[PDB]
Structure formats: C-alpha cells, structure tokens
>>> print(open('run.cif').read())   # mmCIF, C-alpha atoms
data_final
loop_
_atom_site.group_PDB
_atom_site.id
_atom_site.type_symbol
_atom_site.label_atom_id
_atom_site.label_comp_id
_atom_site.auth_asym_id
_atom_site.auth_seq_id
_atom_site.Cartn_x
_atom_site.Cartn_y
_atom_site.Cartn_z
ATOM 1 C CA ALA A 1 94.693 78.233 100.020
ATOM 2 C CA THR A 2 97.416 76.068 98.544
ATOM 3 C CA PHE A 3 100.759 77.458 97.405
ATOM 4 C CA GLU A 4 102.896 74.982 95.471
ATOM 5 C CA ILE A 5 106.498 76.161 95.826
ATOM 6 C CA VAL A 6 108.757 74.726 93.111
ATOM 7 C CA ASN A 7 112.529 75.087 92.830
ATOM 8 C CA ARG A 8 113.556 75.007 89.154
ATOM 9 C CA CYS A 9 116.979 76.450 90.013
ATOM 10 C CA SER A 10 120.072 74.303 89.551
ATOM 11 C CA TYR A 11 120.987 75.017 93.202
ATOM 12 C CA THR A 12 119.215 74.222 96.466
ATOM 13 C CA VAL A 13 117.081 76.908 98.065
ATOM 14 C CA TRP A 14 115.410 77.021 101.470
ATOM 15 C CA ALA A 15 111.893 78.317 100.878
ATOM 16 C CA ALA A 16 110.337 80.561 103.524
ATOM 17 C CA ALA A 17 106.763 81.685 104.174
ATOM 18 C CA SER A 18 105.670 84.214 106.815
ATOM 19 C CA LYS A 19 103.241 87.032 107.508
ATOM 20 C CA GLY A 20 105.796 88.897 109.610
ATOM 21 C CA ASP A 21 104.552 87.933 113.067
ATOM 22 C CA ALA A 22 103.980 84.221 112.373
ATOM 23 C CA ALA A 23 104.947 81.380 110.081
ATOM 24 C CA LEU A 24 102.691 80.330 107.235
ATOM 25 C CA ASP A 25 102.394 76.519 107.383
ATOM 26 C CA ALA A 26 105.747 75.217 108.685
ATOM 27 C CA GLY A 27 107.422 78.519 107.716
ATOM 28 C CA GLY A 28 110.343 77.030 105.771
ATOM 29 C CA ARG A 29 111.805 73.931 104.153
ATOM 30 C CA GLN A 30 114.725 72.824 102.006
ATOM 31 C CA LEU A 31 114.040 72.469 98.261
ATOM 32 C CA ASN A 32 116.677 70.716 96.225
ATOM 33 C CA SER A 33 116.762 71.389 92.494
ATOM 34 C CA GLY A 34 113.468 70.234 91.003
ATOM 35 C CA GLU A 35 111.660 69.669 94.303
ATOM 36 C CA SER A 36 108.145 70.909 95.092
ATOM 37 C CA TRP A 37 106.661 71.755 98.500
ATOM 38 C CA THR A 38 102.950 72.537 98.821
ATOM 39 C CA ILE A 39 101.867 74.657 101.793
ATOM 40 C CA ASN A 40 98.495 75.648 103.167
ATOM 41 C CA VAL A 41 97.937 79.343 103.875
ATOM 42 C CA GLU A 42 94.952 80.315 105.991
ATOM 43 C CA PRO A 43 92.191 82.263 104.208
ATOM 44 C CA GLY A 44 92.301 85.944 105.036
ATOM 45 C CA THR A 45 96.094 86.035 105.402
ATOM 46 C CA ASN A 46 97.068 89.688 104.947
ATOM 47 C CA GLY A 47 100.617 90.716 104.112
ATOM 48 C CA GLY A 48 102.010 87.239 103.521
ATOM 49 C CA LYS A 49 105.320 86.690 101.754
ATOM 50 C CA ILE A 50 107.216 83.770 100.245
ATOM 51 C CA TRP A 51 110.913 83.948 99.377
ATOM 52 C CA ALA A 52 113.959 81.814 98.710
ATOM 53 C CA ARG A 53 117.024 81.646 100.938
ATOM 54 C CA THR A 54 120.439 80.680 99.588
ATOM 55 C CA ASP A 55 123.608 79.155 101.038
ATOM 56 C CA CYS A 56 122.082 77.944 104.294
ATOM 57 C CA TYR A 57 123.333 75.756 107.110
ATOM 58 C CA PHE A 58 120.987 74.348 109.776
ATOM 59 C CA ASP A 59 121.745 72.052 112.712
ATOM 60 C CA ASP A 60 119.534 69.199 113.947
ATOM 61 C CA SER A 61 117.417 71.680 115.913
ATOM 62 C CA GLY A 62 116.627 73.812 112.857
ATOM 63 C CA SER A 63 118.954 76.672 113.841
ATOM 64 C CA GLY A 64 121.637 78.173 111.644
ATOM 65 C CA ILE A 65 122.298 80.873 109.026
ATOM 66 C CA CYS A 66 121.634 81.737 105.384
ATOM 67 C CA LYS A 67 123.538 84.184 103.204
ATOM 68 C CA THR A 68 120.319 85.654 101.755
ATOM 69 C CA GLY A 69 116.869 85.785 103.317
ATOM 70 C CA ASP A 70 117.860 84.568 106.802
ATOM 71 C CA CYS A 71 114.916 84.806 109.241
ATOM 72 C CA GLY A 72 116.523 84.993 112.673
ATOM 73 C CA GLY A 73 118.541 81.856 112.009
ATOM 74 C CA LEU A 74 115.528 79.509 111.833
ATOM 75 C CA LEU A 75 114.778 76.834 109.246
ATOM 76 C CA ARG A 76 111.061 77.347 110.003
ATOM 77 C CA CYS A 77 110.621 81.081 109.551
ATOM 78 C CA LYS A 78 108.335 83.019 111.878
ATOM 79 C CA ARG A 79 109.491 86.468 110.690
ATOM 80 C CA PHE A 80 110.552 88.113 107.427
ATOM 81 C CA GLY A 81 113.986 87.527 105.943
ATOM 82 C CA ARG A 82 117.146 89.580 105.715
ATOM 83 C CA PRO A 83 117.611 91.382 102.376
ATOM 84 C CA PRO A 84 118.363 90.828 99.606
ATOM 85 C CA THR A 85 115.181 88.817 98.935
ATOM 86 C CA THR A 86 112.942 88.698 95.861
ATOM 87 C CA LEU A 87 109.444 88.664 97.380
ATOM 88 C CA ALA A 88 106.200 86.964 96.365
ATOM 89 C CA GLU A 89 103.599 89.024 98.251
ATOM 90 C CA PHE A 90 99.924 88.293 98.822
ATOM 91 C CA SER A 91 96.815 89.303 100.751
ATOM 92 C CA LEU A 92 93.959 86.800 100.520
ATOM 93 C CA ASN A 93 90.181 87.156 100.859
ATOM 94 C CA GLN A 94 90.274 90.961 101.124
ATOM 95 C CA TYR A 95 86.628 91.924 100.524
ATOM 96 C CA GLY A 96 86.051 89.031 98.134
ATOM 97 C CA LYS A 97 89.338 89.095 96.172
ATOM 98 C CA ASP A 98 92.986 88.089 96.457
ATOM 99 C CA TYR A 99 95.893 90.442 95.653
ATOM 100 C CA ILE A 100 99.343 89.312 94.512
ATOM 101 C CA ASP A 101 102.598 90.936 93.440
ATOM 102 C CA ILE A 102 106.343 90.491 93.185
ATOM 103 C CA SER A 103 108.563 93.071 94.891
ATOM 104 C CA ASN A 104 112.222 94.098 94.605
ATOM 105 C CA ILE A 105 111.814 96.727 97.383
ATOM 106 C CA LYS A 106 113.932 94.467 99.632
ATOM 107 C CA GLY A 107 116.351 93.580 96.833
ATOM 108 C CA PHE A 108 116.680 90.505 94.639
ATOM 109 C CA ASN A 109 118.345 87.140 95.237
ATOM 110 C CA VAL A 110 116.584 84.460 93.136
ATOM 111 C CA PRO A 111 114.366 84.876 90.034
ATOM 112 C CA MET A 112 110.724 83.911 90.509
ATOM 113 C CA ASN A 113 107.340 83.446 88.861
ATOM 114 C CA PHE A 114 104.188 83.826 91.011
ATOM 115 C CA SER A 115 101.071 82.601 89.216
ATOM 116 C CA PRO A 116 97.571 81.356 90.019
ATOM 117 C CA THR A 117 96.871 77.671 89.447
ATOM 118 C CA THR A 118 93.122 78.414 89.324
ATOM 119 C CA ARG A 119 91.117 80.553 86.943
ATOM 120 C CA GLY A 120 90.575 84.247 86.570
ATOM 121 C CA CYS A 121 93.815 86.285 86.621
ATOM 122 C CA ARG A 122 97.366 86.451 85.318
ATOM 123 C CA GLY A 123 100.646 85.708 87.029
ATOM 124 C CA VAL A 124 103.661 87.962 87.522
ATOM 125 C CA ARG A 125 107.347 87.260 86.971
ATOM 126 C CA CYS A 126 110.764 88.727 87.703
ATOM 127 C CA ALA A 127 113.274 86.438 86.031
ATOM 128 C CA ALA A 128 115.974 88.693 84.562
ATOM 129 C CA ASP A 129 119.624 88.386 85.644
ATOM 130 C CA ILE A 130 119.437 91.089 88.294
ATOM 131 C CA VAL A 131 122.345 89.652 90.277
ATOM 132 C CA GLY A 132 124.652 89.539 87.262
ATOM 133 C CA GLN A 133 123.727 93.052 86.123
ATOM 134 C CA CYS A 134 123.471 94.579 89.635
ATOM 135 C CA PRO A 135 125.014 98.062 90.062
ATOM 136 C CA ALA A 136 128.367 97.756 91.829
ATOM 137 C CA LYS A 137 127.214 99.785 94.833
ATOM 138 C CA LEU A 138 124.195 97.498 95.378
ATOM 139 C CA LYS A 139 126.009 94.158 95.109
ATOM 140 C CA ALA A 140 125.692 92.182 98.326
ATOM 141 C CA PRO A 141 129.050 90.560 99.187
ATOM 142 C CA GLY A 142 127.031 87.769 100.779
ATOM 143 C CA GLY A 143 125.125 87.247 97.524
ATOM 144 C CA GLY A 144 122.296 89.039 95.679
ATOM 145 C CA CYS A 145 121.502 92.639 94.739
ATOM 146 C CA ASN A 146 120.465 94.924 97.595
ATOM 147 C CA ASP A 147 117.846 97.624 97.337
ATOM 148 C CA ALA A 148 119.070 101.189 97.854
ATOM 149 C CA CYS A 149 117.255 101.626 101.179
ATOM 150 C CA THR A 150 119.188 98.693 102.660
ATOM 151 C CA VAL A 151 122.494 100.073 101.400
ATOM 152 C CA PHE A 152 122.152 103.834 102.051
ATOM 153 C CA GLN A 153 119.416 104.320 104.683
ATOM 154 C CA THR A 154 118.028 107.615 103.366
ATOM 155 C CA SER A 155 114.481 108.891 103.591
ATOM 156 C CA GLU A 156 114.395 109.136 99.786
ATOM 157 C CA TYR A 157 115.260 105.459 99.193
ATOM 158 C CA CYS A 158 113.278 104.154 102.173
ATOM 159 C CA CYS A 159 110.235 106.416 101.507
ATOM 160 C CA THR A 160 110.235 107.097 105.230
ATOM 161 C CA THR A 161 107.775 109.987 105.166
ATOM 162 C CA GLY A 162 105.487 108.510 102.503
ATOM 163 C CA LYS A 163 106.920 110.918 99.919
ATOM 164 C CA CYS A 164 109.687 109.785 97.561
ATOM 165 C CA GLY A 165 110.318 109.443 93.866
ATOM 166 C CA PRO A 166 112.004 106.922 91.599
ATOM 167 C CA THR A 167 115.794 106.869 91.692
ATOM 168 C CA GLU A 168 118.676 105.683 89.552
ATOM 169 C CA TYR A 169 118.703 102.516 91.663
ATOM 170 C CA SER A 170 114.945 101.849 91.549
ATOM 171 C CA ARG A 171 115.017 102.359 87.771
ATOM 172 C CA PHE A 172 117.605 99.574 87.452
ATOM 173 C CA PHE A 173 115.249 97.080 89.100
ATOM 174 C CA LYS A 174 112.330 98.393 87.050
ATOM 175 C CA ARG A 175 114.245 98.140 83.763
ATOM 176 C CA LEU A 176 115.194 94.516 84.444
ATOM 177 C CA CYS A 177 111.753 93.595 85.903
ATOM 178 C CA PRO A 178 108.933 95.924 84.850
ATOM 179 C CA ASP A 179 106.301 93.727 86.520
ATOM 180 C CA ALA A 180 107.746 93.968 90.071
ATOM 181 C CA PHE A 181 107.690 96.829 92.573
ATOM 182 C CA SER A 182 110.990 98.743 92.423
ATOM 183 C CA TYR A 183 110.412 101.287 95.232
ATOM 184 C CA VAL A 184 107.684 101.957 97.788
ATOM 185 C CA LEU A 185 105.598 104.352 95.653
ATOM 186 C CA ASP A 186 106.083 102.594 92.320
ATOM 187 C CA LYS A 187 103.054 102.476 90.070
ATOM 188 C CA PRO A 188 101.419 99.280 91.361
ATOM 189 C CA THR A 189 101.856 95.959 89.574
ATOM 190 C CA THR A 190 99.469 94.143 91.920
ATOM 191 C CA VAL A 191 97.143 91.627 90.263
ATOM 192 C CA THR A 192 93.571 91.092 91.484
ATOM 193 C CA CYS A 193 92.624 87.415 91.560
ATOM 194 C CA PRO A 194 89.375 85.692 92.544
ATOM 195 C CA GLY A 195 89.010 85.256 96.276
ATOM 196 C CA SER A 196 90.377 81.909 97.478
ATOM 197 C CA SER A 197 92.584 81.302 94.436
ATOM 198 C CA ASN A 198 95.473 78.826 94.655
ATOM 199 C CA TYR A 199 98.998 79.546 93.469
ATOM 200 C CA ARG A 200 102.415 78.294 92.353
ATOM 201 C CA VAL A 201 105.680 80.082 93.191
ATOM 202 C CA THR A 202 108.470 78.902 90.898
ATOM 203 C CA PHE A 203 112.103 79.799 91.578
ATOM 204 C CA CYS A 204 114.219 80.148 88.412
ATOM 205 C CA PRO A 205 111.223 79.765 86.060
ATOM 206 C CA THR A 206 113.331 80.012 82.888
ATOM 207 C CA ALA A 207 115.849 77.333 84.038
#
>>> encode(input="run.cif", output="structure tokens")
Amino acid sequence: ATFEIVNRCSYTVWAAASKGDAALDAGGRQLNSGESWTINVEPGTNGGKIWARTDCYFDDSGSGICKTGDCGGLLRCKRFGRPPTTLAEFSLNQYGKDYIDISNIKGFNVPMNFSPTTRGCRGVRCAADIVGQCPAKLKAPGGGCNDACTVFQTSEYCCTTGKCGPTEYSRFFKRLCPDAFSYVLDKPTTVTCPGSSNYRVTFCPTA
C-alpha cells in the first residue's frame, strides 16, 4: 500500500512510520514545509502508525534527538515515538478490509488529516489547536500536549486493567477533536476501508 505523507505545516517535520518492532519503509525522513514523501507499507501490516516529529537534530549517521516523537534517537524509526504524538493508526488487509483512525491517546503535537486516496470510505481529521488550548497540567515543556496517562501514570488514565472511564483530560481532547480516540476505551472512531486501499497523511491540513 502507498502512503503519501505531506507536510502542509509552515515548519519542518520529521515523519516517522513504524509497527512498533520494525520500521515501515525507511522508517523516517525530513519533510520541509510543502514536501511530500510516499512510502510503501507491506500488505497485512497490523498496528502500524505514522506521526510527525518536531525540533529534531540528526548527525551524518542518522542519530540525534527530537523534542516530540523521538524514536530512540534515530532518523529512521524502528520503534514508536515518545509522547506527545498525534497518531495516524492503521491495520491493513484484516479479513478483507483495512482499518484506520487518528488517536490522541499518546497526546498531540501536530494537526493531521488521514484519508484514503482510493475509493470506498471517508477520512478522519484532528486539526484543532490542541497545543494552544492544552490544559496547563498537560502542556509538555518540550512542546505539545501530553495525554493524562503520560503525565500522571494512574490506572484510570492508562486503562491498565482494561476498565476505565472518560476523564476531564480525555474530554478536552474529545471536545477539540471528536473524530480521534481520546482515551483507551473511547467509543471507536475507526473507519473501515476496502482492503488494500492507499492513503494520504497530511500534517497541518488547514494551513
């Protein structure tokens, strides 16, 4: 499957793509404002994610740091990124269909749209100013708006036992972005797409 990753933000981002235990395609790349990077994701990829990283430095070897979304200091991510990270999430070719969503469960750094480029389903978007409106206790000094699990490490926020409810913090994310997951047991906003669809992830879609 092809994923065209487009940075419409006025600032550079370092896109990242991983299924947690491996890179997808090269795993990461710099995207200056307006640039597009198209990756190939293997059919059947389960639990894949794409995100943006901000304020990165990388040496000639591809090693460094980012203020949001850092994946073990690598340009080419093999693992998931450090919160806060708005997440485009997908599982492909699962019994004939693809499944996509956006999630704020690991916080929010950059607004995004995640849409099919082929027929048969809708896209999803979280493009409100979550960083500007972020509750004071969730603001990440390094940049972004943390989720409450990251900040407070409680079973209620982290849904550790599989039982949890919505919270004042989850409701903030849900108010700003109704079409993204705000906590682990949120009413799902996952979209079913035809199997083997192709996609576009756009950072800062309203910019």
>>> residues_around(input="run.cif", residues="residue A:127", least_positions_apart="5", cutoff="8 Å", atoms="only C-alpha atoms", output="list in words")
residues 111, 112, 113, 177, 204, 205 and 206 of chain A
>>> residues_around(input="run.cif", residues="stretch 23-38 of chain A", least_positions_apart="3", cutoff="7 Å", atoms="only C-alpha atoms", output="short mmCIF file (atom, residue, chain, number, x, y, z; two decimals) with C-alpha atoms, in the coordinates of the input")
data_model
loop_
_atom_site.label_atom_id
_atom_site.label_comp_id
_atom_site.auth_asym_id
_atom_site.auth_seq_id
_atom_site.Cartn_x
_atom_site.Cartn_y
_atom_site.Cartn_z
CA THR A 2 97.42 76.07 98.54
CA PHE A 3 100.76 77.46 97.40
CA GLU A 4 102.90 74.98 95.47
CA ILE A 5 106.50 76.16 95.83
CA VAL A 6 108.76 74.73 93.11
CA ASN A 7 112.53 75.09 92.83
CA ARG A 8 113.56 75.01 89.15
CA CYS A 9 116.98 76.45 90.01
CA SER A 10 120.07 74.30 89.55
CA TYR A 11 120.99 75.02 93.20
CA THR A 12 119.22 74.22 96.47
CA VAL A 13 117.08 76.91 98.06
CA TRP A 14 115.41 77.02 101.47
CA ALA A 15 111.89 78.32 100.88
CA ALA A 16 110.34 80.56 103.52
CA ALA A 17 106.76 81.68 104.17
CA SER A 18 105.67 84.21 106.82
CA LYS A 19 103.24 87.03 107.51
CA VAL A 41 97.94 79.34 103.88
CA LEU A 75 114.78 76.83 109.25
CA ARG A 76 111.06 77.35 110.00
CA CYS A 77 110.62 81.08 109.55
CA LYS A 78 108.34 83.02 111.88
CA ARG A 79 109.49 86.47 110.69
#
>>> closest_residue(input="run.cif", among="A:152, A:90, A:203, A:58", to="residue A:72", atoms="all atoms listed in the file")
A:58
>>> resolve_selection(input="run.cif", expression="the PyMOL selection byres ((chain A and resi 104) around 8)", output="JSON, numbers by chain")
{"A": [85, 86, 87, 102, 103, 105, 106, 107, 108, 147, 173, 180, 181, 182, 183]}
>>> closest_residue(input="run.cif", among="A:148, A:52, A:207, A:1", to="residue A:134", atoms="all atoms listed in the file")
A:148
>>> closest_residue(input="run.cif", among="A:146, A:160, A:109, A:117", to="residue A:129", atoms="only C-alpha atoms")
A:109
>>> resolve_selection(input="run.cif", expression="the PyMOL selection byres ((chain A and resi 157) around 12)", output="JSON, numbers by chain")
{"A": [105, 106, 146, 147, 148, 149, 150, 151, 152, 153, 154, 155, 156, 158, 159, 160, 161, 162, 163, 164, 165, 166, 167, 168, 169, 170, 171, 182, 183, 184, 185, 186]}
>>> atom_distance(input="run.cif", atom1="atom CA of residue A:46", atom2="atom CA of residue A:94")
7.9 Å
>>> closest_residue(input="run.cif", among="A:130, A:136, A:56, A:110", to="residue A:74", atoms="only C-alpha atoms")
A:56
>>> atom_distance(input="run.cif", atom1="atom CA of residue A:68", atom2="atom CA of residue A:143")
6.6 Å
>>> closest_residue(input="run.cif", among="A:45, A:198, A:61, A:192", to="residue A:92", atoms="all atoms listed in the file")
A:45
>>> closest_residue(input="run.cif", among="A:57, A:51, A:114, A:95", to="residue A:202", atoms="only C-alpha atoms")
A:114
>>> decode(input="run.cif", residues="stretch 189-205 of chain A", atoms="N, CA, C and O atoms", output="mmCIF file, in the first residue's frame")
data_model
loop_
_atom_site.group_PDB
_atom_site.id
_atom_site.type_symbol
_atom_site.label_atom_id
_atom_site.label_comp_id
_atom_site.auth_asym_id
_atom_site.auth_seq_id
_atom_site.Cartn_x
_atom_site.Cartn_y
_atom_site.Cartn_z
ATOM 1 N N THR A 189 -13.722 5.512 16.787
ATOM 2 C CA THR A 189 -13.828 6.341 15.595
ATOM 3 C C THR A 189 -13.023 5.739 14.445
ATOM 4 O O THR A 189 -12.568 6.447 13.544
ATOM 5 N N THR A 190 -12.860 4.427 14.467
ATOM 6 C CA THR A 190 -12.155 3.702 13.421
ATOM 7 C C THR A 190 -13.029 3.599 12.179
ATOM 8 O O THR A 190 -14.231 3.317 12.263
ATOM 9 N N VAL A 191 -12.421 3.841 11.025
ATOM 10 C CA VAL A 191 -13.098 3.778 9.735
ATOM 11 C C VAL A 191 -12.689 2.485 9.040
ATOM 12 O O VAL A 191 -11.501 2.139 9.008
ATOM 13 N N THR A 192 -13.672 1.771 8.485
ATOM 14 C CA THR A 192 -13.422 0.583 7.681
ATOM 15 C C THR A 192 -13.283 0.994 6.224
ATOM 16 O O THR A 192 -14.178 1.633 5.664
ATOM 17 N N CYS A 193 -12.152 0.655 5.622
ATOM 18 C CA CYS A 193 -11.892 0.946 4.223
ATOM 19 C C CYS A 193 -11.743 -0.352 3.441
ATOM 20 O O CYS A 193 -11.477 -1.409 4.015
ATOM 21 N N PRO A 194 -11.918 -0.309 2.123
ATOM 22 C CA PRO A 194 -11.651 -1.513 1.327
ATOM 23 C C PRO A 194 -10.246 -2.042 1.586
ATOM 24 O O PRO A 194 -9.295 -1.278 1.787
ATOM 25 N N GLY A 195 -10.111 -3.363 1.585
ATOM 26 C CA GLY A 195 -8.787 -3.944 1.693
ATOM 27 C C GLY A 195 -7.876 -3.409 0.600
ATOM 28 O O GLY A 195 -8.304 -3.176 -0.535
ATOM 29 N N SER A 196 -6.615 -3.169 0.959
ATOM 30 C CA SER A 196 -5.603 -2.685 0.022
ATOM 31 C C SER A 196 -5.900 -1.283 -0.494
ATOM 32 O O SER A 196 -5.556 -0.952 -1.631
ATOM 33 N N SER A 197 -6.525 -0.433 0.320
ATOM 34 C CA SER A 197 -6.640 0.979 -0.025
ATOM 35 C C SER A 197 -5.263 1.650 0.039
ATOM 36 O O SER A 197 -4.322 1.134 0.632
ATOM 37 N N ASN A 198 -5.163 2.832 -0.558
ATOM 38 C CA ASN A 198 -3.992 3.692 -0.416
ATOM 39 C C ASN A 198 -4.425 4.977 0.275
ATOM 40 O O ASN A 198 -5.616 5.291 0.327
ATOM 41 N N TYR A 199 -3.451 5.713 0.819
ATOM 42 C CA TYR A 199 -3.757 6.776 1.771
ATOM 43 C C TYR A 199 -2.843 7.983 1.604
ATOM 44 O O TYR A 199 -1.757 7.905 1.025
ATOM 45 N N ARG A 200 -3.291 9.104 2.175
ATOM 46 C CA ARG A 200 -2.510 10.330 2.326
ATOM 47 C C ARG A 200 -2.620 10.781 3.778
ATOM 48 O O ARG A 200 -3.725 10.854 4.326
ATOM 49 N N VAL A 201 -1.478 11.042 4.406
ATOM 50 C CA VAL A 201 -1.412 11.660 5.729
ATOM 51 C C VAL A 201 -0.901 13.072 5.525
ATOM 52 O O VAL A 201 0.211 13.265 5.018
ATOM 53 N N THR A 202 -1.703 14.058 5.902
ATOM 54 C CA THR A 202 -1.350 15.459 5.716
ATOM 55 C C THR A 202 -1.186 16.130 7.071
ATOM 56 O O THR A 202 -2.146 16.195 7.849
ATOM 57 N N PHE A 203 0.012 16.613 7.363
ATOM 58 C CA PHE A 203 0.240 17.421 8.560
ATOM 59 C C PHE A 203 -0.217 18.853 8.297
ATOM 60 O O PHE A 203 0.008 19.400 7.212
ATOM 61 N N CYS A 204 -0.850 19.461 9.300
ATOM 62 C CA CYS A 204 -1.415 20.808 9.205
ATOM 63 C C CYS A 204 -2.342 20.968 7.997
ATOM 64 O O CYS A 204 -2.127 21.853 7.155
ATOM 65 N N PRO A 205 -3.388 20.156 7.901
ATOM 66 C CA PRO A 205 -4.249 20.184 6.709
ATOM 67 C C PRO A 205 -4.962 21.498 6.466
ATOM 68 O O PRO A 205 -5.308 21.780 5.314
#
